[PDB]
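What follows is a set of notes on a single structure, which appears directly below.
In full-length UniProt numbering, the protein residues as written are 175 to 333.
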């Protein structure tokens, strides 16, 4: 499933369940991916992301894995399993502690995890929320934390 499919499925689940959480797993900065492409070739970079995909699929078999960008994957956690958010993040962090090996070369991926709880009450499914979870994934990497939750100010005093 691609980016559009994720947006569509999120819209459908929100209307039906009222809430859900999206997790964005950013394997590496686009710039670093580009360094890999120039240094080892584009085919190598594709194999690397395919290997990353297989590892996530192996760790979370009961989860539908979406492809957001060339370096990002998305997971949709239904309202019923939002209580598993942190556990999923911890499992992904543990899974990527070891280098991803492709074509005999190990590549250490420092996965950035963005966490975005969405609510139907504010029509989140109709909004372009992708940018928010992606920014959160970058924020997790910048802060060096396990995962970063979308946490905007709730009022002017907090803004």
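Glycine included, every Cβ here is placed at the ideal spot set by N, Cα and C.
First and last residue of the uninterrupted beta strand (DSSP E) at residue i
i           : result
residue 240 : 239-243
residue 235 : That residue, residue 235, is in no beta strand (DSSP E); it is neither H nor E in DSSP.
residue 288 : 286-293
residue 280 : 279-281
Run of the alpha helix (DSSP H) containing residue i, from where it starts to where it stops
i           : result
residue 275 : Looking at the DSSP string, residue 275 is not in any alpha helix (DSSP H); the run it does join, the beta strand (DSSP E), is 274-276.
residue 246 : From DSSP, residue 246 is part of no alpha helix (DSSP H) but of the beta strand (DSSP E) over 246-252.
residue 205 : 204-214
residue 259 : 259-269
residue 314 : 304-317
residue 178 : 177-191
Whether residue i touches residue j by CB criterion (9 angstroms)
i           : j           : result
residue 291 : residue 191 : no
residue 269 : residue 229 : yes
residue 177 : residue 242 : yes
residue 181 : residue 304 : yes
residue 318 : residue 267 : no
Residue i at chain D interface by Cβ criterion, 9 angstroms
i           : result
residue 236 : Looking for chain D here will not work: only one protein chain is present.
Supposed contact pair residue j and residue i - C-beta distance, whole angstroms, cut 8 angstroms
i           : j           : result
residue 265 : residue 225 : So it is not a contact: roughly 17 angstroms between Cβ atoms.
residue 187 : residue 250 : 7 angstroms
residue 244 : residue 207 : 6 angstroms
residue 322 : residue 275 : The pair is not a contact, with the Cβ atoms about 27 angstroms apart (cut-off 8 angstroms).
Legend entry - contact_flag[the stretch 275-285, the stretch 296-309] where n(CB pairs < 8 angstroms) is 3 or more: Flag = no, the stretch 275-285 and the stretch 296-309 do not touch.
Inset, instruction - For the stretch 197-204 and the stretch 310-322, state whether three or more C-beta atom pairs, one from each stretch, are separated by less than 8 angstroms. - result: With contact defined as three or more Cβ pairs closer than 8 angstroms, the stretch 197-204 and the stretch 310-322 are in contact.
Inset, instruction - Examine the Cβ distances between the stretch 256-273 and the stretch 215-223 and report whether three or more of them are shorter than 8 angstroms. - result: Note that the stretch 256-273 does not touch the stretch 215-223; fewer than 3 beta-carbon pairs, one per stretch, sit closer than 8 angstroms.
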